[PDB]
Amino acid sequence: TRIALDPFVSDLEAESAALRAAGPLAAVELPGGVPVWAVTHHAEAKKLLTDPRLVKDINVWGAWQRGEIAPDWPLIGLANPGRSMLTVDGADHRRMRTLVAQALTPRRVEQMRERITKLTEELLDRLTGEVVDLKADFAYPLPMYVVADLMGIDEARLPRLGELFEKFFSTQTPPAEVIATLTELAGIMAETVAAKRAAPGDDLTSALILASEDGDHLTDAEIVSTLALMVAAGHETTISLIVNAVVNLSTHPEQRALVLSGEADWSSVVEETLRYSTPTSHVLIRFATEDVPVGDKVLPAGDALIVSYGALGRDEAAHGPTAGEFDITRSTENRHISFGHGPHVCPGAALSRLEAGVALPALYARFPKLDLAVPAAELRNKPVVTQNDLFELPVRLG
Ligand code: HEM
């Protein structure tokens with residue numbers, strides 16, 4: 001009675017339905033036969049996400065310590081990454097989040113609005129033809145241009161960043177080359193940090209250099225790992241938020257009419273796309289330092305936990321009987337947690353909300369009739385078991 005997640009992501013909708021039914025704590029098999037628990041309901045996910053007995057420290061994973069995880073397990077990169085804010089808990093983690101919060105402020109993000117608007121305008125200007133891949137031609141490049149500008153990365157490097165991003169995120173890149181791509185990316189981040197130390201500017205890298213709490217400040221390695229982690233965490237997720245928003249408005253034409261007519265705001269489209277169709281279906285990975293009761297079940301000490309954000313987005317207990325449907329007019333008692341909850345909560349939430357909040361109205365203001373060039377059912381998930389990404393978004397601009 002263990003739900004094996006399909007690594008080709010052939011029926012995300014059925015899998016999510018299965019996970020909710022088997023919850024709040026579902027027995028799951030990750031691709032390559034690795035057993036873990038998934039928290040698949042809203043209330044229980046929030047409790048676990050704030051429970052200090054669920055940690056990122058891979059030492060705690062009994063199966064890992066006992067040499068039972070194949071060294072070439074495809075997901076070993078996700079489960080065992082290099083040290084960053086991502087892999088720490090407790091006082092070490094609070095220190096990093098405090099310093100990062102001084103740099104990636106709500107105001108720094110809001111101040112990007114005009115630059116995101118200009119980048120969006122230039123991408124829309126280049127759209128030609130009656131039907132286009134909106135992902136490749138519009139959604140894909142926007143967050144790369146935005147994060148490079150945010151981080152103060154040399155504009156000259158943008159052609160190489162596009163090559164590095166494509167390799168990093170491609171389902172075809174072998175692990176050795178993903179590692180070499182990440183090494184070159186970290187080298188670009190190190191060069192950016194060394195330049196901003198000499199010539200401080202109004203950019204996130206300069207702000208991460210400057211951040212301090214009673215004399216304490218990030219080391220060069222922590223700044224580089226933070227910048228590299230923000231690229232890895234923020235690129236395809238933001239792309240998929242924009243993509244999924246256009247798919248949701250395309251398959252719900254009466255709600256498209258509400259937003260295009262100004263009766264519903266774009267923010268309601270973005271928030272409902274995040275609950276209903278999060279870019280991030282599962283987050284690896286947490287380990288229990290002791291037995292943790294989850295509903296009528298026990299999560300054993302040394303066992304692994306993934307958070308099934310995709311599944312729990314449509315939790316009827318959180319959102320009421322309509323949880324299973326896209327409705328941009330819904331009021332819920334419970335804000336979605338598609339950006340996480342507790343100490344590891346997404347520090348990029350305002351940025352991805354701003355990119356989508358600028359890009360969607362701009363797109364439909366240029367092409368108010370745009371719609372899918374294929375039936376929804378012909379759209380394909382990429383074989384990335386943790387992500388809700390499409391191979392392409394064929395659109396008729398109109
Ligand atoms: C729609 C877009 C995005 C979604 C759905 C998303 C979702 C998430 C979630 C759910 C987590 C927490 C995982 C967990 O603890 O269970 C997270 C962490 C993170 N996100 Fe985001 N994210 C998005 C965009 C971004 C952006 C644009 C950035 C950076 C600028 C970013 C940077 C991070 C980082 C650095 C972490 C690790 C935080 C930590 O562990 O302390 N994300 N994201």
Side-chain angles (χ1 to χ4, degrees), residues 109-110 112-149 158 162 165-166 169 234-279 325-329 351-382 387-398:
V109 165
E110 180 58 30
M112 293 300 288
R113 176 175 299 275
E114 162 79 343
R115 280 167 284 167
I116 299 166
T117 305
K118 292 295 288 159
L119 288 170
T120 301
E121 165 177 30
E122 295 171 326
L123 291 162
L124 291 170
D125 290 351
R126 294 170 62 104
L127 288 196
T128 57
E130 293 195 79
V131 166
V132 297
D133 184 2
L134 202 58
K135 175 160 183 204
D137 291 339
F138 176 63
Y140 202 84
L142 177 57
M144 183 184 71
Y145 288 114
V146 172
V147 79
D149 189 285
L158 283 164
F165 283 37
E166 185 281 311
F169 289 111
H235 187 60
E236 295 227 329
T237 54
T238 305
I239 295 158
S240 291
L241 169 54
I242 295 165
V243 164
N244 290 359
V246 173
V247 174
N248 294 338
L249 290 181
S250 293
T251 59
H252 299 73
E254 290 217 280
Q255 285 177 77
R256 190 168 81 240
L258 295 188
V259 67
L260 287 191
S261 89
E263 269 170 288
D265 70 17
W266 281 100
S267 178
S268 83
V269 177
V270 170
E271 296 312 307
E272 178 69 355
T273 296
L274 281 162
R275 182 198 70 77
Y276 179 84
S277 49
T278 172
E325 284 102 85
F326 187 79
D327 172 18
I328 66 165
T329 70
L351 176 63
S352 62
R353 282 174 165 133
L354 178 56
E355 297 186 42
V358 163
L360 294 162
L363 172 66
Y364 280 97
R366 201 78 69 100
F367 306 106
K369 297 183 175 80
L370 86 89
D371 203 342
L372 297 167
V374 301
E378 279 171 38
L379 296 169
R380 294 181 294 156
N381 276 101
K382 301 194 44 163
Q387 308 311 128
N388 185 7
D389 303 344
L390 302 182
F391 277 105
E392 67 232 271
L393 183 50
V395 158
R396 191 164 298 283
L397 298 173

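Counting begins at 1 with the first residue of the sequence. We use all heavy atoms of the structure for the numbers below, so side chains are in, but hydrogens, waters and symmetry mates are not.
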Worksheet item: Which atom pair, heavy atoms only, marks the closest approach of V131 to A373?
Response: CG1-CB, 3.6 Å

Practice prompt. Measure from the side-chain N and O atoms of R366 to the backbone N and O of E121, and report whether any donor-acceptor pair falls under 3.5 Å.
Written response: yes

Item to complete: Find the distance between CG (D149) and CD1 (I116) and round it off to the nearest 0.5 Å.
Response: 8.5 Å

Worksheet item: Minimum heavy-atom separation for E392 to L379, with atom names?
Response: O-CD2, 3.8 Å

Fill in: Under 3.5 Å donor-acceptor, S261 side chain and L258 backbone
yes

Worksheet item: Considering all heavy atoms of both residues, which atom of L260 and which atom of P368 are nearest to each other, and what is their separation?
Response: CD1-O, 3.5 Å

Item to complete: Using side-chain contact (heavy atoms from CB on, under 4.5 Å) as the criterion, point out the one residue from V374, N244, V246 that pairs with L393.
Response: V246

Worksheet entry | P279 and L274, any side-chain heavy atoms less than 4.5 Å apart | yes

Worksheet, complete the sentence: Sorted by chain and number, sequence neighbours left out, side chain to side chain contact (heavy atoms under 4.5 Å, CB included) with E122 holds for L119

Discussion item. Considering only residues two or more places apart or on different chains, which pairs with a residue in residues 352-362 satisfy side-chain hydrogen bond (donor to acceptor under 3.5 Å, both in side chains)?
Written reply: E271-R353

Worksheet entry | Gap separating the CD1 atom of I328 from the CD atom of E263, nearest 0.5 angstrom | 9.5 Å

Response to the item:
Note: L158 and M144 closest approach over all heavy atoms is O-CE, 4.3 Å

Practice prompt. To the nearest 0.5 angstrom, please state how far the CD atom of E236 sits from the CG atom of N388.
Written response: 12.0 Å

Worksheet item: Looking at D327 and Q255, what are the two nearest heavy atoms and their distance?
Response: CA-OE1, 3.2 Å

Worksheet item: Given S277 and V247, is the side chain to side chain contact (heavy atoms under 4.5 Å, CB included) satisfied, shown in steps?
Response: CA-CA 10 Å; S277 49; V247 174; over 6 Å; no

Discussion item. Listing request: all ring-ring contact (aromatic ring centres under 6.0 Å, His included) pairs with a residue in residues 251-273, at least two apart in sequence or in separate chains.
Written reply: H252-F326, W266-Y364

Worksheet entry | Contact list for residues 117-141, test ring-ring contact (aromatic ring centres under 6.0 Å, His included), sequence neighbours left out | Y140-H235

Discussion item. Could you measure the distance from the CG atom of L354 to the CE atom of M112? Nearest 0.5 Å is fine.
Written reply: 8.0 Å

Worksheet entry | Nearest-0.5 Å distance, CD of residue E254 to CZ of residue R256 | 11.0 Å

Item to complete: Report the C-alpha separation of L363 and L134 in whole Å, then their side-chain angles, then the decisive distance to 0.1 Å, and conclude whether the side chain to side chain contact (heavy atoms under 4.5 Å, CB included) test is met.
Response: CA-CA 10 Å; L363 172 66; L134 202 58; 3.7 Å; yes

Worksheet entry | Audit row: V146, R115, side chain to side chain contact (heavy atoms under 4.5 Å, CB included) steps and yes/no | CA-CA 8 Å; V146 172; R115 280 167 284 167; over 6 Å; no

Worksheet item: Considering residues at least two apart in sequence or located in another chain, which fulfil the side chain to side chain contact (heavy atoms under 4.5 Å, CB included) criterion with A376?
Response: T251, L372

Practice prompt. Working to the nearest 0.5 Å, report the span between CG of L397 and NZ of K369.
Written response: 12.0 Å

Worksheet entry | Neighbour count above 12 (heavy atom, 6.0 Å) for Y145 OH | no

Worksheet entry | Polar side-chain atom of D137 near backbone of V132 as donor-acceptor pair, under 3.5 Å | no

Discussion item. Suppose we screen for side chain to side chain contact (heavy atoms under 4.5 Å, CB included). Which residues come up paired with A356, at least two apart in sequence or across chains?
Written reply: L241, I242, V270, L360

Worksheet item: Considering all heavy atoms of both residues, which atom of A264 and which atom of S268 are nearest to each other, and what is their separation?
Response: CB-OG, 4.2 Å

Worksheet item: Is the backbone of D389 close enough, under 3.5 Å, to the side chain of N381 for a donor and an acceptor to pair up by distance?
Response: yes

